[PDB]
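A.B. asks: everything below, folded, please.
(2 chains)
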There are 2 protein chains.
Amino acid sequence: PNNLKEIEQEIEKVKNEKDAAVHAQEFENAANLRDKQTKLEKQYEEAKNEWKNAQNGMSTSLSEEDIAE
Amino acid sequence: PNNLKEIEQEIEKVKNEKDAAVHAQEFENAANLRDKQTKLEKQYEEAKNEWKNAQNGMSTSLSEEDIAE
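C.D. replies: Numbering: from 1, shown residues only, chains lettered A, B, ... in the order given. For reference, the structure is listed below:
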């Protein structure tokens, strides 16, 4: 639902940014990025779990409209 | 003269120690070790240069005792 998409993208760019710091020996910034990534993943798990939890709230059923299409 | 040896040994263990921090994502310790390694190499260059500076001061001569041995 257009939420875990962008959140996952931020995790990707953060990981690349940390890799650049590691190869450049900029460990001062790398330490901050490591904690930031953990923050992103922590909220990522909660956001995904609540989404699938709400998915079970409603049941997807077919209808003659779908077959008509 | 037991000077470049001891400095090189400390540089060697520091280099391995930094790798331990990097693989363990201990970036805070990595920065501290990185500065220490640079400081040691600074002393290594000075000690190595001044060692051969003293060596060039005198010239080794072949005494007849060396031939006798």
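
A.B. asks: hmm, residue A:40 is touching residue A:14, no?
C.D. replies: Yes. Using CB atoms under 8 Å, residue A:40 is in contact with residue A:14, at 6.4 Å. From N, CA and C alone the C-beta is placed, and that goes for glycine too.

A.B. asks: what does chain A have sitting close to chain B?
C.D. replies: Residues of chain A found near chain B (CB under 8 Å from any CB of the partner chain) are A:22, A:25, A:27-28, A:30-31, A:34.

A.B. asks: which one of those residues is nearest residue A:9?
C.D. replies: Lowest distance from residue A:9 to the residues of chain A next to chain B (CB to CB) belongs to residue A:34, with 18.4 Å.

A.B. asks: what's the distance between residue A:42 and residue A:8?
C.D. replies: 14 Å (CB to CB, to the nearest Å).
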